[PDB]
Amino acid sequence: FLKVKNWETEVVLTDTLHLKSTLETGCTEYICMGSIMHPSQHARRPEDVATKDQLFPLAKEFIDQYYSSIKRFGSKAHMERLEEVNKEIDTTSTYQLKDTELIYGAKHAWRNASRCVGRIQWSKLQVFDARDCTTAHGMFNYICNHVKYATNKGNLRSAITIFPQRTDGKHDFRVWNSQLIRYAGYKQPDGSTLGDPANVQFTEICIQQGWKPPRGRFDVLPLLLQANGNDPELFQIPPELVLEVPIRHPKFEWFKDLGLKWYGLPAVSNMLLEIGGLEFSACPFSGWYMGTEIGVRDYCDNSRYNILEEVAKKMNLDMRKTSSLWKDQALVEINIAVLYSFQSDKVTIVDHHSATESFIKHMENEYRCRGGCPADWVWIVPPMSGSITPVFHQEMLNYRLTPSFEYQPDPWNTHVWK
Amino acid sequence: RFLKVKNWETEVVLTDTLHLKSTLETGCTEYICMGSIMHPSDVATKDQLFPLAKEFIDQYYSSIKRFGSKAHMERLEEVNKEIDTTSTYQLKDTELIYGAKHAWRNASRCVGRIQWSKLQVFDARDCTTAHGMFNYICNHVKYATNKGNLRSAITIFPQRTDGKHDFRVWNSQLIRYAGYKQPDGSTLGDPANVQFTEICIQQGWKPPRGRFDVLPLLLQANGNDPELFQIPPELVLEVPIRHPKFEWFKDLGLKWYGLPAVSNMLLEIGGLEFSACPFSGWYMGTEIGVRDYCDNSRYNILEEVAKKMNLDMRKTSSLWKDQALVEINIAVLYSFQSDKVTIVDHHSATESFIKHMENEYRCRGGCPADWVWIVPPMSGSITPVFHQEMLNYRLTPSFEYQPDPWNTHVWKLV
Ligand code: HEM
Ligand code: HEM
Ligand SMILES: CNCc1cccc(-c2cc(C)cc(N)n2)c1
Ligand SMILES: CNCc1cccc(-c2cc(C)cc(N)n2)c1
Ligand SMILES: C[C@H](O)[C@H](O)[C@H]1CNc2nc(N)[nH]c(=O)c2N1
Ligand SMILES: C[C@H](O)[C@H](O)[C@H]1CNc2nc(N)[nH]c(=O)c2N1
Ligand SMILES: [Zn+2]
């Protein structure tokens, strides 16, 4: 038993789910790594094609969990499934998931994502099975359909598209983009950066692959898609599938003249989805934005669009010294405008007040039915106004449950070109 | 072994070797992280005390470039003699100063540690009565306050002996405001202090029953019942809160005290436990403007400020709370600066902490830091500490939590 307390409400929750955790957190009895971005390299199967004694135990554990979930365990179909997975590994060194197991696995990987404040939605996830894909052209078709379904004319819907699992490690499917939709970044001759500085390296790869850059501040990047280990290929997402929101402010009429915009669909495409020892290296997933992601991090991080100085000037703030809080003051106005703009255009978005409140309710739900909820305080607390949200005052336990979403190397560090 | 921490804004990478010197638990295990748990959870024997004392004396003599010296070996022998004959020992004044400074240096939740080596240590180990403690604390407040040019200080009372004769300051800080629950369920003053205010009233304090009554000192010497004392009002420096642009702000009637002075923690040096050790620095603005004023369970002023600001309070997505929070914190900094009372804003403070952290990795091999506490409670990611990976571990000497004394004290009168 482990208790967590909320210091605002004095609610105490009791955690037993942590007894099912599989991987190391990175912490020990003597050192806490809770603010390390990648604290652990502990993996459930070695790098390349596992032996039978390595894969089968992980498969059995997942199948046991799935059949437990549906009030079976030991049933006819469970034992036959075990035997089927046994023969499949014996004869191919891997196995294939049933459609139901795949959906269960994807939803539970989201459910287990301790860094995600959005998980009250976890069981309402649309799963697109793309395991029949064979070429980068087919990957583009599956991704276009995902983007169109998920955008839904602004009434955003959570979705995941799952490409063929890893086999030997030389035939990986990868989306090289970090998100399906991001803006290019360009190193300028004088030394500054145009567009998104985070994407300068990826933009250079695209240009080096023949992309013709319009060289603006908000150029939607092409897709760079890799199927079955082959060299990646460039595709332009049809712009009518890319919903964008011009940013304006409900009081500052000059705000629109800053020429800011963002895209509506946050779609992570560089993570790995691990189910029963199987590794799905291409599994783009998408939901909808919390405003602080755009307003605080994308726009105001020093190494991103870094717009605080420009907004503060227009606001006529005292920028001589930090103690005028001119940065904090512009920061609020920017986040007001982001929310106001998405809402004006009827594009789904949630503010950090509503999102964090939903997550406290999700925590309570999970402790009641599941006996726990893994949660990473460092990621869950929003990057502005921390303590006036309820999650700031909520103790959380962090542990690693499977199925899960994991980080993986960027493909340009590992891909041997042809 | 080595551990690396990266800053994701600057890509600077630092290498921690100092974590190898910890030997106290964090509360985390290899499969669970408890990094957001507030408190992750009676006197040492001779055998327990020997190695704790040795480790501390060894690190003192190493710090002063005399490890292995004749003075080092004789001090070790002398300490062992005391433990053997008295079951405890006494620190030299130099060791006490060194221990107190390093407890601060090791405080993983404190963002102000760039200042750690400039700490004025008042030795109060000869004190025997609550009247004596009051005198020592008055002198601490006056020295630390310094007419608004604040100076860090700590006053250290006699160490624990058998656990039945503890010195304790029952206040959680030296200066705080009273809280009174009303019959209708409202609270007047600071709701955090309702319980301690009740104890004071029960002990004979006559409260003014206003919004900002400075509480009396409740002081316990040698395990006796605690005794009430009024800090002389001319030693309690306060700042009335006004705003540089909203002339109505002063009409909220807000004020705060200038000296933050924690008095309920325990200072452990070489196995010795100093249960009464009040220490003081100066404020970071968000402590007052964000937590004291805008926590829902504290003075909770967001509503009244936003109303006078004429904000739309119907929807959360108007971010009226966020907008009013910023203005309150502007007022707090402007007020202190105008009255020439030392204060630091969260931007300046976090920037200095990054510089201190880098220096500590260079000269010491690391810097234990609690990201959950170091990142300020507003505007988190526009400060540099948000982007800084940190390792948290427990080094000694250290400041430790201890039970509230009213939960363990057994009373003697009537
Ligand atoms: C439905 C609305 C959703 C909201 C509002 C939401 C909110 C968030 C936010 C604010 C973050 C932090 C992002 C960052 O700082 O980079 C995050 C992270 C994450 N989300 Fe969610 N999310 C949603 C849906 C989803 C879905 C559908 C999935 C997967 C099926 C998912 C899986 C994750 C994962 C794995 C992370 C961690 C990313 C990392 O470690 O880099 N989320 N989410
Ligand atoms: C000199 C200026 C100082 C500044 C600006 C400063 C800043 C801070 C802040 C903002 C906190 C967090 C407070 C909270 O959120 O409750 C803190 C905590 C702390 N400070 Fe410092 N501090 C200073 C001096 C000191 C000194 C002189 C000591 C001891 C000698 C000290 C030891 C601590 C400890 C032990 C904590 C953790 C308290 C807890 O866990 O409740 N600090 N400091
Ligand atoms: C490496 N950062 C991960 C990352 C970066 C950018 C956006 C997200 C995100 C993802 C989803 C599904 C919903 C949401 N509101 N935001 C996640
Ligand atoms: C329960 N938190 C402890 C606490 C509560 C209130 C204030 C502080 C503090 C202490 C010092 C020395 C400097 C500073 N700026 N603030 C610490
Ligand atoms: C060092 C620190 O862990 C890092 O900056 C983290 C802090 N918390 C975060 N929280 C979220 N949601 N997203 C992030 O990218 C980060 N970055
Ligand atoms: C639950 C959580 O650990 C708790 O609210 C912490 C968060 N970080 C904090 N950080 C500081 N400086 N002070 C605090 O009181 C807290 N409270
Ligand atoms: Zn930890």
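## With respect to unusual backbone geometry
The bulk of non-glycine residues show a negative phi, and the bulk of peptide bonds are trans. Of the consecutive residues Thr402(A) and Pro403(A), the connecting peptide bond is found in the cis state with omega at -5°. Tracing the sequence through the fold places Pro403(A) in the loop between helix 10 (377-380) and strand 18 (404-406). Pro397(B) follows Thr396(B) through a cis peptide bond whose omega is 0°. Along the chain, the position of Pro397(B) falls in the loop between helix 10 (371-374) and strand 18 (398-400).

## Considerations on helix 1 (residues 46-63) of chain B
Residues and elements named next belong to chain B. The terminal C-alpha atoms of helix 1 lie 26 Å apart, and with 18 residues this matches the ideal 26 Å at 1.5 Å per residue to within 8%. The inward-facing, buried residues of helix 1 contact helix 2 (70-86), helix 3 (93-105) and strand 13 (266-269). Just downstream of helix 1, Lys-65 is the residue with a positive phi angle, here 60°.

## A word on the interface of chain A and chain B
Contacts between chain A and chain B engage 63 residues on the former and 62 residues on the latter. When chain A packs against chain B, close to 5,300 Å² is buried across both sides, 61% of that on carbon and sulfur atoms. Remark: the boundary between chain A and chain B carries zero salt bridges. Inspection of the chain A/chain B interface yields 28 residue pairs in polar contact. The set of elements that each furnish at least two residues to the side of chain A that touches chain B consists of strand 1 (2-5), helix 6 (291-300), helix 8 (326-344), helix 9 (352-369) and helix 10 of chain A. By residue number, the principal contributor to the side of chain A that touches chain B is helix 8 of chain A, which donates ten residues. Across the side of chain A that touches chain B, the residue classes break down as 27 nonpolar, 25 polar and eleven charged.

## Details of the domain arrangement of chain A
Accessible area lost upon the coming together of the parts serves often as the stated size of an interface. All names here are of chain A. Partitioning chain A into structural domains gives domain 1 (15-131 + 158-168 + 272-286 + 356-380), domain 2 (132-157 + 172-243 + 407-411) and domain 3 (244-266 + 289-354). Between the C-alpha centres of domain 1 and domain 3 there is a distance of 36 Å. Counting residues at the interface gives six residues for domain 1, matched by six residues for domain 3. For the domain 1 and domain 3 pair, buried surface summed over both sides reaches about 410 Å², with 44% attributable to carbon and sulfur atoms. For the pair domain 1 and domain 3, the interface holds zero salt bridges. Summed over the shared surface of domain 1 and domain 3, the number is six residue pairs in polar contact. Mapped onto the side of domain 1 that touches domain 3, the elements with two or more residues apiece are strand 15 (285-286) and helix 9. No other element matches helix 9, which puts three residues into the side of domain 1 that touches domain 3. Broken down by class, the residue content of the side of domain 1 that touches domain 3 amounts to two nonpolar, three polar and one charged.

## Overview of the site of ligand 1
Residues and elements named next belong to chain A. Residues in close proximity to ligand 1 total 16 residues, the closest being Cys-116, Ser-158, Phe-285, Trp-288 and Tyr-407. In this structure, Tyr-407 approaches ligand 1 through a side-chain N or O atom, which is 2.3 Å from an oxygen atom. Residues belonging to the shell around ligand 1 are distributed by class as follows: ten nonpolar, four polar and two charged.

## Details of the sheet that holds strand 13 (residues 272-275) of chain A
Residues and elements named next belong to chain A. Read across the sheet, three strands follow the order 14-13-18 without closing on themselves; strand pairing throughout is antiparallel. Taken across any chain shown, the strands that pair with only one partner, and hence form the sheet edges, are strand 14 (278-280) and strand 18. Adjacent strand axes in the sheet meet at a mean angle of 30° when their direction is disregarded. Sheet topology note: the strand 13/strand 14 ladder contains three bridges and is antiparallel. Within strand 14, the residue paired with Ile-275 across the bridge is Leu-278.

About the cut-offs
- Residues carry numbers counted from 1 along their chain as the sequence is written. These may differ from the entry numbering, and residues without coordinates are not shown.
- The naming scheme follows written order: chains are lettered A onward, ligands numbered 1 onward.
- Side-chain descriptors were evaluated using all non-hydrogen atoms of the structure, hydrogens and water having been removed beforehand.
- Each helix corresponds to a stretch of at least 4 residues labelled H or I by DSSP, and each strand to a stretch of at least 2 residues labelled E; elements are numbered beginning at the N terminus.
- How far a helix is expected to stretch is found by multiplying one less than its residue total by 1.5 Å.
- In what follows, a contact means two residues having at least one pair of non-hydrogen atoms within 4.5 Å.
- Buried area, as used here, totals the accessible surface that two parts lose on assembly, with accessibility defined by a 1.4 Å probe and the loss added over both.
- Should a side-chain nitrogen of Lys or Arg be within 4 Å of a carboxyl oxygen of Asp or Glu, the pair is scored as a salt bridge.
- Polar contacts here mean pairs of N or O atoms no more than 3.5 Å apart (in protein, one a potential hydrogen donor and the other a potential acceptor; neighbouring residues in sequence count only if both atoms are side-chain atoms).
- Residue polarity follows a fixed list, in which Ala, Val, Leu, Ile, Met, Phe, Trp, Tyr, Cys and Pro are nonpolar, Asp, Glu, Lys and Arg are charged, and the others, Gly among them, are polar.
- How far each domain reaches was decided by an automatic or database domain assignment.
- Proximity is defined per residue: if any heavy atom of the residue lies within 4 Å of a molecule or strand, that residue is considered near it.
- At least two DSSP bridges between two strands are needed for those strands to be called paired.
- Here, axes are lines fitted to C-alpha atoms. For helices the fit covers the stretch in contact, and angles between N-to-C directions go from 0 to 180 degrees.

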